[PDB]
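Note: the block below is work.txt and it holds compact mmCIF, C-alpha atoms.
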```txt
# COMPACT_ATOMS: atom_id res chain seq x y z
CA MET C 1 -13.53 -4.53 18.12
CA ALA C 2 -13.11 -7.28 20.73
CA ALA C 3 -16.82 -8.17 20.85
CA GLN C 4 -19.37 -9.02 18.16
CA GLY C 5 -22.34 -6.85 17.22
CA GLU C 6 -20.27 -3.67 17.28
CA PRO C 7 -20.67 -0.85 14.68
CA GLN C 8 -18.52 -0.95 11.53
CA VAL C 9 -14.80 -0.58 11.81
CA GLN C 10 -13.52 1.86 9.29
CA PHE C 11 -10.01 3.19 8.91
CA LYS C 12 -8.73 6.10 6.91
CA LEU C 13 -6.03 4.96 4.60
CA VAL C 14 -3.87 7.53 2.92
CA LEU C 15 -2.39 6.40 -0.34
CA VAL C 16 0.57 8.55 -1.33
CA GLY C 17 3.46 8.46 -3.76
CA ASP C 18 4.73 10.11 -6.91
CA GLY C 19 2.48 10.74 -9.88
CA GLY C 20 2.53 7.87 -12.33
CA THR C 21 3.23 5.24 -9.64
CA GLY C 22 -0.11 3.55 -10.30
CA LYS C 23 -1.94 4.59 -7.15
CA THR C 24 -5.24 5.15 -8.94
CA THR C 25 -4.95 1.81 -10.76
CA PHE C 26 -4.22 0.06 -7.43
CA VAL C 27 -7.22 1.47 -5.60
CA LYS C 28 -9.49 0.79 -8.56
CA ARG C 29 -8.71 -2.95 -8.50
CA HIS C 30 -11.51 -3.28 -5.89
CA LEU C 31 -14.74 -3.13 -7.85
CA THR C 32 -17.07 -2.32 -4.94
CA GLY C 33 -14.68 0.48 -3.91
CA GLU C 34 -14.85 1.93 -7.43
CA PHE C 35 -18.65 1.69 -7.52
CA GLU C 36 -19.03 3.38 -4.14
CA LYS C 37 -16.33 6.05 -4.69
CA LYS C 38 -17.04 9.55 -3.46
CA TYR C 39 -15.31 12.65 -4.80
CA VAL C 40 -14.73 15.29 -2.14
CA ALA C 41 -14.54 18.60 -3.99
CA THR C 42 -12.84 20.70 -1.29
CA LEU C 43 -10.09 18.13 -0.79
CA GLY C 44 -9.83 17.05 -4.43
CA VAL C 45 -9.73 13.43 -3.25
CA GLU C 46 -11.61 10.31 -4.40
CA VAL C 47 -12.48 8.24 -1.33
CA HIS C 48 -13.02 4.58 -2.11
CA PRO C 49 -14.63 2.35 0.55
CA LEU C 50 -12.70 -0.92 0.32
CA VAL C 51 -14.44 -3.65 2.28
CA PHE C 52 -12.34 -6.64 3.28
CA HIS C 53 -13.88 -9.60 5.05
CA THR C 54 -11.79 -10.99 7.85
CA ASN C 55 -12.12 -13.85 10.33
CA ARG C 56 -13.37 -11.28 12.86
CA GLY C 57 -15.76 -9.65 10.37
CA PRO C 58 -15.68 -6.80 7.84
CA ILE C 59 -13.01 -4.10 7.99
CA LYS C 60 -13.43 -1.08 5.74
CA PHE C 61 -10.49 0.95 4.52
CA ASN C 62 -11.57 4.31 3.16
CA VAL C 63 -8.74 4.76 0.73
CA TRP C 64 -8.07 8.35 -0.07
CA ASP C 65 -6.75 8.60 -3.60
CA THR C 66 -5.48 11.89 -4.92
CA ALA C 67 -6.85 13.76 -7.90
CA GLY C 68 -3.30 14.10 -9.28
CA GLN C 69 -2.33 16.99 -6.95
CA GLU C 70 0.97 15.20 -6.29
CA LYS C 71 2.10 16.01 -9.83
CA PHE C 72 2.13 19.75 -9.12
CA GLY C 73 3.12 19.71 -5.44
CA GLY C 74 2.64 18.35 -1.95
CA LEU C 75 -0.59 17.31 -0.32
CA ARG C 76 -2.47 19.41 2.15
CA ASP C 77 -2.81 18.80 5.86
CA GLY C 78 -6.55 18.17 5.42
CA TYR C 79 -5.77 15.15 3.24
CA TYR C 80 -3.42 13.67 5.86
CA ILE C 81 -5.48 14.47 9.00
CA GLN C 82 -6.87 11.60 11.03
CA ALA C 83 -5.16 9.00 8.88
CA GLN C 84 -5.06 5.69 10.72
CA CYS C 85 -2.87 3.97 8.16
CA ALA C 86 -0.94 4.60 5.00
CA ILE C 87 0.46 3.00 1.92
CA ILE C 88 3.29 4.77 0.15
CA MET C 89 3.66 3.64 -3.42
CA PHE C 90 6.65 3.72 -5.65
CA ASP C 91 7.24 2.36 -9.12
CA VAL C 92 9.88 -0.34 -9.43
CA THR C 93 10.70 0.80 -12.96
CA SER C 94 11.47 4.35 -11.78
CA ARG C 95 14.37 5.04 -9.45
CA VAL C 96 13.17 8.61 -8.84
CA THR C 97 9.88 7.41 -7.30
CA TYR C 98 11.77 5.30 -4.74
CA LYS C 99 14.09 8.24 -4.04
CA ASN C 100 11.08 10.45 -3.23
CA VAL C 101 9.61 7.90 -0.77
CA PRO C 102 11.51 9.48 2.23
CA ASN C 103 9.90 12.86 1.40
CA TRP C 104 6.41 11.35 1.33
CA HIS C 105 7.07 9.48 4.56
CA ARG C 106 8.27 12.65 6.28
CA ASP C 107 5.22 14.66 5.24
CA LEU C 108 2.89 11.87 6.27
CA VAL C 109 4.52 11.31 9.67
CA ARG C 110 4.54 15.02 10.47
CA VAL C 111 0.74 15.05 10.37
CA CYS C 112 0.17 11.50 11.69
CA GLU C 113 2.73 10.11 14.07
CA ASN C 114 3.28 6.39 14.55
CA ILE C 115 0.66 5.21 12.08
CA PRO C 116 1.21 1.79 10.40
CA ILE C 117 2.72 2.28 6.95
CA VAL C 118 3.31 -0.18 4.16
CA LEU C 119 5.56 0.73 1.28
CA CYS C 120 4.60 -0.93 -1.93
CA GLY C 121 6.71 -1.31 -5.01
CA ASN C 122 4.33 -1.43 -7.91
CA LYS C 123 4.53 -2.57 -11.51
CA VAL C 124 6.51 -5.73 -10.76
CA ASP C 125 4.77 -7.11 -13.91
CA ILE C 126 7.27 -5.18 -16.08
CA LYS C 127 10.37 -7.26 -16.78
CA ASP C 128 13.02 -4.55 -16.52
CA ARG C 129 12.79 -3.99 -12.79
CA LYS C 130 15.08 -1.19 -11.73
CA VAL C 131 14.42 -0.96 -8.00
CA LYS C 132 15.10 -4.45 -6.73
CA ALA C 133 14.82 -6.10 -3.31
CA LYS C 134 18.56 -5.52 -3.19
CA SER C 135 18.12 -1.77 -2.98
CA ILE C 136 14.93 -1.33 -0.94
CA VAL C 137 16.42 -0.29 2.48
CA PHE C 138 14.00 2.48 3.55
CA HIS C 139 11.67 0.21 5.53
CA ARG C 140 14.18 -0.97 8.17
CA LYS C 141 14.83 2.44 9.56
CA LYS C 142 11.20 3.36 9.58
CA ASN C 143 9.71 -0.01 10.70
CA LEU C 144 7.53 -0.10 7.60
CA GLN C 145 6.58 -3.35 5.89
CA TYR C 146 7.35 -3.90 2.22
CA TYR C 147 5.30 -5.58 -0.41
CA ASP C 148 5.92 -6.11 -4.14
CA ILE C 149 2.67 -5.36 -5.94
CA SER C 150 1.32 -5.28 -9.44
CA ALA C 151 -1.82 -3.25 -9.87
CA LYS C 152 -2.37 -4.46 -13.39
CA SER C 153 -2.26 -8.14 -12.44
CA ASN C 154 -3.87 -7.86 -8.96
CA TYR C 155 -0.61 -9.31 -7.62
CA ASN C 156 -0.46 -9.10 -3.85
CA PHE C 157 -3.47 -6.75 -3.60
CA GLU C 158 -4.48 -8.32 -0.31
CA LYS C 159 -1.14 -8.20 1.47
CA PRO C 160 -0.69 -4.47 2.38
CA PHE C 161 -4.30 -4.30 3.57
CA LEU C 162 -3.93 -7.47 5.60
CA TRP C 163 -0.79 -6.29 7.36
CA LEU C 164 -2.39 -2.92 8.10
CA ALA C 165 -5.53 -4.60 9.43
CA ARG C 166 -3.50 -6.88 11.69
CA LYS C 167 -1.51 -4.01 13.13
CA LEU C 168 -4.52 -1.72 13.59
CA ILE C 169 -6.71 -4.37 15.21
CA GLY C 170 -3.71 -5.72 17.16
CA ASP C 171 -4.46 -9.31 16.18
CA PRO C 172 -1.66 -11.10 14.26
CA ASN C 173 -4.03 -14.00 13.57
CA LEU C 174 -6.27 -11.94 11.27
CA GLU C 175 -6.96 -13.52 7.93
CA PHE C 176 -9.05 -12.42 4.96
CA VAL C 177 -11.69 -15.11 4.62
CA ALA C 178 -12.83 -14.05 1.17
CA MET C 179 -11.13 -12.16 -1.60
CA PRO C 180 -13.07 -9.04 -2.65
CA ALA C 181 -14.28 -8.76 -6.24
CA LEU C 182 -11.36 -7.55 -8.27
CA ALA C 183 -11.17 -6.13 -11.75
CA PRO C 184 -9.80 -8.82 -14.12
CA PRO C 185 -6.00 -8.76 -14.56
CA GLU C 186 -4.88 -6.60 -17.46
CA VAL C 187 -1.73 -8.70 -17.73
CA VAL C 188 -0.80 -11.96 -16.07
CA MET C 189 2.07 -11.81 -13.63
CA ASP C 190 4.27 -14.77 -14.38
CA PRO C 191 4.42 -17.24 -11.46
CA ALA C 192 8.14 -17.88 -11.97
CA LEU C 193 8.87 -14.15 -11.79
CA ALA C 194 6.68 -13.79 -8.70
CA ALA C 195 8.51 -16.64 -7.01
CA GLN C 196 11.91 -15.13 -7.88
CA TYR C 197 10.97 -11.70 -6.55
CA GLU C 198 9.65 -13.13 -3.30
CA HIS C 199 12.79 -15.26 -2.95
CA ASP C 200 15.00 -12.17 -3.51
CA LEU C 201 13.12 -10.31 -0.80
CA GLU C 202 13.52 -13.20 1.62
CA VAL C 203 17.20 -13.80 0.92
CA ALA C 204 18.19 -10.58 1.95
CA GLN C 205 15.42 -10.23 4.57
CA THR C 206 17.64 -12.34 6.62
CA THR C 207 20.00 -9.36 6.62
CA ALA C 208 21.76 -10.40 3.58
CA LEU C 209 23.19 -7.43 1.77
CA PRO C 210 19.98 -6.68 -0.11
CA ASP C 211 18.23 -3.77 1.39
CA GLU C 212 14.54 -4.80 1.95
CA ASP C 213 16.05 -7.62 3.15
CA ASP C 214 18.35 -5.72 5.61
CA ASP C 215 15.02 -4.10 6.52
CA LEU C 216 13.52 -7.29 7.77
```

Go ahead and render the structure in this file as structure tokens.
Amino acid sequence: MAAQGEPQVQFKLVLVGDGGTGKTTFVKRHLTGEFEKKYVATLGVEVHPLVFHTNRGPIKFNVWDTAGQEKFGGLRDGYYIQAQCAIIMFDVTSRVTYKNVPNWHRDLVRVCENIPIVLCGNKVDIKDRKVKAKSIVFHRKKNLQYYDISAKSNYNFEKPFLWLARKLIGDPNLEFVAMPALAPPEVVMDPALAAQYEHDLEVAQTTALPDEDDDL
């Protein structure tokens, strides 16, 4: 990756979390990824090639999205194998989804040790947020980075991918030069709400009592 003219850098991204989190909606935000999606019958996985353009050139994250297998049970070893990075998604309106994040993390780490993982709390668009910055403590212990996301509004779509890219490449200076074509926001995430949520994360990030915050 250090030199130019090298063949395309692709990473296998495993997207896991409880059914109903909004994993499918999240992946589908990237239009090109949707258009180029491939369904692997044996696995029962939809692989979406998400191309992100960075300062160093294109980085492709082959996002493996489940076919809803998570609803009836765990995911097979084949799904997890050779994962370079992962995003574990929970729903901020459902406490249970957050509670099951340790289980997903454990299964993921068993197959792939020391891979960069971002935990994302989706559906921050919904006003009654149940899992707040105050209670998100899982990341500290596991050295995972946390991002508030809203699939519906394309809020912070770039951030998990960017952090993963930086860690994988090993360059903290990596920036996404252009934003990929994204499906138009279903709902608009209110700027005031976004600001408040980010502020909450930061306040406790500095080890204030809030948990995501204790995490940082």

Open item on the list: I'd like the interatomic distance between CA of residue 47 (chain C) and CA of residue 84 (chain C), to a tenth of an Å.
Closed with: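 Interatomic distance here is 14.4 Å.
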
Open item on the list: Here's a test: counting only C-alpha atoms, identify every protein, DNA and RNA residue with an atom at most 10 Å from (-13.4, -1.1, -9.3) in the file's coordinate frame, and state them as a list in words.
Closed with: residues 25, 26, 27, 28, 29, 30, 31, 32, 33, 34, 35, 36, 37, 48, 50, 181, 182, 183 and 184 of chain C

Open item on the list: The residues within 12 Å of (-1.8, -7.6, 4.1), using all atoms listed in the file and the coordinates of the file, should be reported as a VMD selection string; which are they?
Closed with: chain C and resid 52 54 87 116 to 120 145 to 149 155 to 168 172 to 176 179

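For the set C:72, C:79, C:11, C:138, the residue with the smallest atom-to-atom gap to residue 42 (chain C) is C:79, counting all atoms listed in the file.
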
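Here the question is which of C:201, C:142, C:125, C:130 gets nearest to residue 186 (chain C) using all atoms listed in the file, and that residue is C:125.
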
Task: One-decimal distance in Å that lies between CA of residue 69 (chain C) and CA of residue 109 (chain C) - done: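 For CA of residue 109 (chain C) relative to CA of residue 69 (chain C), the distance reads 18.9 Å.
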
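When all atoms listed in the file are used to measure the gap to residue 106 (chain C), the shortest distance among C:17, C:198, C:44, C:62 belongs to C:17.
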
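In this structure, CA of residue 171 (chain C) sits 15.9 Å away from CA of residue 10 (chain C).
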
Task: Shell around region 20-23 of chain C at 8 Å using all atoms listed in the file, local window under 2 positions removed, as a PyMOL selection string - done: chain C and resi 15-18+25-27+65+89-91+97+122-123+151

- [ ] Go through C:208, C:112, C:124, C:136 one by one, measure the shortest atom-to-atom distance of each to residue 86 (chain C) using only C-alpha atoms, and give the residue with the smallest value.
- [x]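 Once distances to residue 86 (chain C) are computed over only C-alpha atoms, the minimum belongs to C:112.
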
Mind checking which residues fall within 9 Å of residue 135 (chain C), counting all atoms listed in the file, ignoring those fewer than 5 positions away in the same chain, and posting them as a PDB file with C-alpha atoms, in the coordinates of the input?
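Printed below is selection01.pdb as written:
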```
ATOM      1  CA  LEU C 209      23.190  -7.430   1.770  1.00  0.00           C
ATOM      2  CA  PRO C 210      19.980  -6.680  -0.110  1.00  0.00           C
ATOM      3  CA  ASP C 211      18.230  -3.770   1.390  1.00  0.00           C
ATOM      4  CA  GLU C 212      14.540  -4.800   1.950  1.00  0.00           C
ATOM      5  CA  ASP C 213      16.050  -7.620   3.150  1.00  0.00           C
TER       6      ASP C 213
END
```

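Closest approach to residue 111 (chain C) among C:67, C:85, C:131, C:9 is made by C:85 (distances from all atoms listed in the file).
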
Enclosing box along x, y and z for every listed atom of region 143-158 of chain C, padded 4 Å each side, centre and size in Å, one decimal, as JSON:
```
{"center_x": 2.6, "center_y": -4.7, "center_z": -1.3, "size_x": 22.2, "size_y": 17.3, "size_z": 32.1}
```
